[PDB]
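For the sequence shown, the UniProt record's numbering assigns the number 3 to the initial residue and increments by one for each residue that follows.
Have a look at the structure below, then the notes.
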Amino acid sequence: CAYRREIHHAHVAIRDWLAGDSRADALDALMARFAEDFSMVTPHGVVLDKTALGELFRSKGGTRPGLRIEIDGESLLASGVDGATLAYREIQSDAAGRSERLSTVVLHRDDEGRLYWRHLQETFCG
């Protein structure tokens, strides 16, 4: 579905950016997926707004060569005319190692079907 697709495509863009295999003007296009009022809770229990996430991604561009990101365990928790809330699992692996986290995302949709990230919370596993 469109929601599952957005979760996957966003992470492919994130992976390419972190690995240094991104398209031209990649970061702006990536940050455009996030709503103005986006907020997230990282696995460290730290809160980041859109501006803060953008600064973080800027500093991390190309820092994880060969990075691979796997998304699975997607579950539609709620959905309506304004969007949906879903849960999923994210696995990251590179030379430095592998990490697993569980996430909850709130996606906002406009009438043209376009999706924007409104909220994201992640929790480390293992």
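Note that beta-carbon positions come from the ideal geometry of N, C-alpha and C, so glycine has one too.
So does the region 113-126 actually touch the region 24-36, counting three or more Cβ pairs closer than 8 Å? yes
Identify the continuous alpha helix (DSSP H) that holds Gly56 and give its terminal residues. If you number the sequence shown from 1, residue 56 lands on position 54. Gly56 -> alpha helix (DSSP H) spans 52-62.
Where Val83 falls: helix, strand or coil (DSSP): The sequence position of residue 83 within the sequence shown is 81, counting from 1. Three-state result, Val83: coil.
On a CA-only basis, which of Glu72, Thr106, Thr125, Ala12 is nearest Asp96? Give me that one, please. Counting from one through the sequence shown, the residue named residue 96 turns up at place 94. Nearest C-alpha to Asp96: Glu72.
Taking the alpha-carbon of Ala98 as reference, which of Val83, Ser24, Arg70, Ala12 has the nearest alpha-carbon? In the sequence shown, counting from the first residue as 1, residue 98 sits at position 96. Taking only the C-alpha atoms, the option nearest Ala98 is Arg70.
Under the three-state DSSP convention, the category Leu104 falls into: As a position in the sequence shown, residue 104 is number 102, starting the count at 1. Of the three classes helix, strand and coil, the one that applies to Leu104 here is strand, per DSSP.
Evaluate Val107 with the Cβ neighbour count: other Cβ atoms within 10 Å of its Cβ, from every protein chain shown; 16 or more gives buried, anything less gives exposed. For this step, residue 107 is matched to residue 105 along the sequence shown. Counting Cβ neighbours within 10 Å, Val107 comes out buried, since at least 16 surround it.
Buried or exposed by the 16-neighbour rule on C-beta atoms within 10 Å, applied to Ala26: If you number the sequence shown from 1, residue 26 lands on position 24. Exposed, since its Cβ has fewer than 16 Cβ neighbours within 10 Å.
For the alpha helix (DSSP H) holding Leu122, just list the boundary residues, first then last. Looking up residue 122 in the sequence shown gives position 120. Not the alpha helix (DSSP H): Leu122 falls in the beta strand (DSSP E), residues 117-126.
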